[PDB]
Each structure stands twice: as C-alpha cells, then as structure tokens.
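# Fold and contact review
Letter by letter, the chains look like this.
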Amino acid sequence: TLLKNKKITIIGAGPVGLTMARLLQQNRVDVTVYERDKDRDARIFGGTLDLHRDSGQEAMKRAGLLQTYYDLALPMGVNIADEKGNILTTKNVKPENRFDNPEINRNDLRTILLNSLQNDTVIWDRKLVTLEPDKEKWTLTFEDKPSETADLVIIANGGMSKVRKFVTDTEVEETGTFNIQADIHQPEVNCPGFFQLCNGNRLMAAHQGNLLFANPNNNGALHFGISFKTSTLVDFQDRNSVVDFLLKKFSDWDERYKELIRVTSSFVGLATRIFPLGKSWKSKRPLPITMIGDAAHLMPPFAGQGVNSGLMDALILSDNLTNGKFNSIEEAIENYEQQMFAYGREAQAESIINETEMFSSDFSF
Ligand SMILES: Cc1cc2nc3c(=O)[nH]c(=O)nc-3n(C[C@H](O)[C@H](O)[C@H](O)COP(=O)(O)OP(=O)(O)OC[C@H]3O[C@@H](n4cnc5c(N)ncnc54)[C@H](O)[C@@H]3O)c2cc1C
Ligand SMILES: Cc1c2c(c(O)c3c(OC(=O)c4ncccn4)cccc13)C(=O)[C@]1(O)C(=O)C(C(N)=O)=C(O)[C@@H](N(C)C)[C@@H]1C2
C-alpha cells in the first residue's frame, strides 16, 4: 500500500542492492536495479563472503534463499601460520559448526540473487552519472545511455559512490592501511608449496606489520591478500614493480610465500577506507531517497562485517516499506536510518579496532 504504483529504483546490483531488490520484488513491489557492469557474465573479483547467522542468513531466509546459500556455500577451516611456514593453530571446522559461516563465491551469490528476481529486473551497462530531483520524480542520468525517472531511489553503488550528496555531505576517508589482492588459478600447480600449506583451510599470517590471508578454494582458484600500514614506487599495471615491492616486505618470510608472490598474474591494490557514520544524515531531502550497503557504511574488512551489515540494511528497509507500520515513505526511511546508525556504527568500531589491533607491532592472533 505504502509503495502502491511507486516505481522504485536501486542503484547498484551488488550483493546488497540485489538482496534489496529481491525483498522488494517478492513483496509485489515495482523495483528496478541499475548496474554499470556490461552484462551478467561480468566476473566479480575478490575473495569469498561469509554470512553471519543473525544478519546475512536472516536476510537470505526472508528472501527464501537460505537453503540455496547453504547448498552453494562451502564451510572452511582456518589455519594460523608464521612467516617461516609453520602452522601455529588448526581451526578445522567442527561438524557441528559447519553450517554457521560458510563461504559463497561472490559470483555465485550474484547468480542466486538474480535468479530470485523477475526477468529484466536488472538493467546492465547503466552507469549512473548524476541524480537530480524534480517536483515529483527523480531524473537518473546514465553515461551515454538514456536517462530514467523514479519516485524513490536507493543508493547501493558501493563505498566509493559519488551520488550521496542529497543524503549526506560525508566524505570517504582512508584508515591508514593498504590491501593487495589477487587470484591464482590452478594453485595446486602454480604455487604447490603454499597451496599444500593451506591444506584446505584459510591461512592467516602476520609478521612485521605485514598480514597475509588466503582462501585456497574460491571456485577452484586461490584468492589471497596482503595488507600493511600505508606510508609511491608501485604501479599496479606493472606486476614487476609489485613483486619487487612485496618481496622486500616479505624478505623474512619462507620461500613458499615468496613462491606465491612470484606466480601471481595480476595485482589489485586498494587503500582501506571508511565512510564514517559520525554525523547524522541530512534532515530534509527533496524526494524519498536513502542508502544501503557499503555506500552507507564502508568500513575496513578485517572484522568480516561488511556484507553482513549491508544485508541488514536491505532487510530493515524493505521490511519497513512493506509492513504497513509507517505513515509515509519518508518516515519508513527515517526509521531504517535510525536503526542502521546504531548497529552500523558498532560494526565500524569493531572493524577499526580490529584493524588497529591486527597491524600493531605486538599482534599474534
Ligand atoms: C578486500 C575486502 C574484503 C572483504 N571481505 C569480506 C569478508 O571476508 N566477509 C564479509 O562478510 N565481507 C567482506 N567484505 C565486505 C563486502 O565486500 C561488502 O560489504 C559488500 O560487497 C557490499 O555490497 P554492496 O552491493 O553494498 O557494494 P559493492 O559490493 O561495492 O557493489 C556495488 C555495486 O554497485 C555497482 N556500481 C558501481 N558504480 C555504479 C554506478 N555508477 N551506477 C550503478 N551501479 C554502480 C557495482 O558494479 C556493484 O554492483 C570485504 C570487502 C573488501 C573490500
Ligand atoms: C581478518 C579477516 C579476513 C577475512 C574474513 O572473512 C574475516 C572474518 O570473517 C568471518 O569469517 C565472519 N564474519 C562475521 C561473522 C562470522 N564470521 C572475520 C574476522 C576477520 C576476518 C577474509 O575473508 C579476507 O577477505 C581474506 O581472507 C583475504 C584474502 N584471502 O584475500 C583478505 O586479504 C583479508 N582482507 C584484509 C582483505 C580478509 C581477512
């Protein structure tokens, strides 16, 4: 009722935006998703994503996808190693905790979410450039593509979104650490020494403020990442400059780690950043609009709370908009933002605290 004959547009077909789209569409809501990726076959780079039971899994449950998540996700243990290649601890998943926090490849999650939507709910190859209000509808401008309108816009285009001004003037800021990620295909062949060291579990190692993390089985490929405090001699279009840089930092590390670096094809550098939730968001806005996911609360990932929190937003907002407990769309948005600020600020605190704690000189897991 609240959203009757209201054309809702979600900006961004990431895991958060898609989940939002499903929760709305399964409630008989007219919802459109705009995604800049040219087609659905576009591969999503990055590691695996873990769904927390009180948040991520609850969102999939309400979307009717919980069993699909378990069907596709893979439970994984964790090994803590040192720079010399020794396994300090073995956290081999207990059978009884096997279905607590399994790991679903990012593309798999995109696929199940898309499959839960009606055909053509997502419009590919649509990069939103500007968002300008009218007396009654939004005007959405896409780069070299026809513009569109909407009554309510939900921003979900990531932590580096540039279309936030109408909601908040808050700016993204760097937290002081840097992450270098990569994928190795057929790791058993290219990096056998380090592959066997993982031995099915995910290796986390820290020495001299340089932390290493690895998932040996991300849909057949090994995804790993290296992080450290930041501050540039490195060009990421030049894997040679990256290797020289990493081998100097990892000179103290065992050759099996050096083998991992030497075989990596493409390096991806990213500074750790946060979209702080300190100051409240704009009070009066021209038309109904809000934000969800990383666009709302980017935070360091060292606490594994990013996607889990973003899904909480999609769950709360969609619930508020369809449970008939709010007199207006604006009030329903306000309530969501009130709730989101509370637990979202907490999540940021944990991720930053864990960040500072992990890259401290005394850290030892
Ligand atoms: C290195 C790293 C590791 C992480 N590890 C974990 C982990 O182990 N566990 C965990 O639970 N979480 C983890 N996270 C958090 C997780 O990645 C995010 O919280 C989650 O992906 C946010 O989803 P989202 O859709 O809100 O944003 P994103 O995932 O950034 O997706 C945004 C979407 O918007 C689209 N888009 C971009 N530009 C535009 C545009 N102009 N117009 C329209 N659409 C656009 C993008 O293509 C994409 O579809 C990690 C994050 C990082 C960076
Ligand atoms: C430190 C940390 C990492 C990861 C986590 O998932 C963590 C986590 O997640 C959960 O399991 C969980 N969440 C909520 C509820 C229950 N359980 C919880 C706590 C800490 C985690 C990664 O997966 C990681 O992405 C990873 O492996 C790689 C890589 N191999 O490339 C990265 O380099 C790292 N960073 C810096 C890019 C990441 C490290």
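Residues numbered from 1 in each chain as written, not as in the entry; some residues may be left out. Chains lettered and ligands numbered in written order. Heavy atoms only, no water.

In the PDB header, X-ray crystallography is given as the technique by which the entry was determined, and 3.30 Å as its resolution.

With respect to spatial proximity, 27 residues lie near ligand 1, and among them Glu35, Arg106, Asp294, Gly306 and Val307 are the closest. At 3.3 Å from an oxygen atom of ligand 1 is found a main-chain nitrogen or oxygen belonging to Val16. Here an oxygen atom of ligand 1 and a side-chain polar atom of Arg106 are 3.0 Å apart. When ligand 1 sits alone it has 1,000 Å² of accessible area, and the protein chains cover 80% of it. Put simply, the parts of the chain that give the shell around ligand 1 at least two residues each are α1 (15-25), β3 (49-50), α4 (106-116) and α10 (306-322). Sort the elements by how many residues they give to the shell around ligand 1 and α10 lands first, with 3 residues. Grouping the amino acids of the shell around ligand 1 by side-chain chemistry returns 10 nonpolar, 9 polar and 8 charged. (Near = heavy atom within 4 Å. Polar contact = N/O pair within 3.5 Å; in protein donor to acceptor, adjacent residues only side chain to side chain. Areas by Shrake-Rupley, 256 points an atom, 1.4 Å probe, with all protein chains shown as cover. Helix = DSSP H or I, 4+ residues; strand = E, 2+ residues; numbered from the N terminus. Nonpolar A, V, L, I, M, F, W, Y, C, P; charged D, E, K, R; others polar.)

Here the focus is the site of ligand 2. Every one of the 20 residues lining ligand 2 counts as a neighbour, but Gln181, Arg202, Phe224, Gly225 and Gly304 are closest to it. At 3.0 Å, a side-chain N or O of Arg202 approaches an oxygen atom of ligand 2. Note that a nitrogen atom of ligand 2 is positioned 3.3 Å from one of the backbone N or O atoms of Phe213. Out of a free accessible area of 720 Å², ligand 2 has 80% covered by protein chains. Two domains each donate at least three residues to the shell around ligand 2, and these are domain 1 (8-75 + 104-172 + 275-358) and domain 2 (174-273). (Domains from an automatic or database assignment.)

Let us look at unusual backbone geometry. The phi dihedral of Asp120 is positive, around 65°, even though this residue is not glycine. Its place among the elements puts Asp120 in the loop between α4 and β7 (122-123). Phi at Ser231 is positive, roughly 55°, even though this residue is not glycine. With respect to the helices and strands, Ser231 occurs in the loop between β15 (221-229) and α7 (239-249).

So, on to the packing of α10 against helix α11 (residues 329-358). Contact pair α10 / α11: the axes reach a minimum separation of 9 Å and the direction vectors enclose 155°. Classified by the angle between their axes, α10 and α11 sit roughly antiparallel to one another. In this structure, the crossing between α10 and α11 has a hand that is right-handed. For the pair α10 and α11, the contacting residues are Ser309, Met312, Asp313, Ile316, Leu317, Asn320 and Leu321 in the first and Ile329, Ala332, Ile333, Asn335, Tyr336, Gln339, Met340, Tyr343 and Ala347 in the second. A per-class count over the contact of α10 with α11 returns 11 nonpolar, 4 polar and 1 charged. (Axes fitted to C-alpha atoms, helices over the stretch in contact; angles between N-to-C directions. Parallel < 35°, antiparallel > 145°, perpendicular 65-115°, else oblique. Left-handed = near helix turned anticlockwise from the far one by under 90°. Contact = heavy atoms within 4.5 Å.)

Summed over all chains, the structure comprises 16 salt bridges. Between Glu58 and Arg62 there is a salt bridge, with its nearest N and O atoms 3.0 Å apart. Highlighted residues: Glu58 and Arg62, both in helix α2 (residues 56-62), separated by 4 residues, approximately one helical turn. On the basis of relative accessibility, which here comes to 21%, the residue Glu58 falls in the partly exposed class. Using a relative accessible area of 39% as the deciding quantity, one classes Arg62 as partly exposed. With its nearest N and O atoms 2.6 Å apart, the salt bridge here joins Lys165 to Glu171. What makes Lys165 partly exposed here is its relative accessible area of 42%. (Salt bridge = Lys/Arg side-chain N within 4 Å of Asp/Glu carboxyl O. Buried < 20%, exposed > 50% of the residue type's maximum accessible area, 1.4 Å probe, protein only.)

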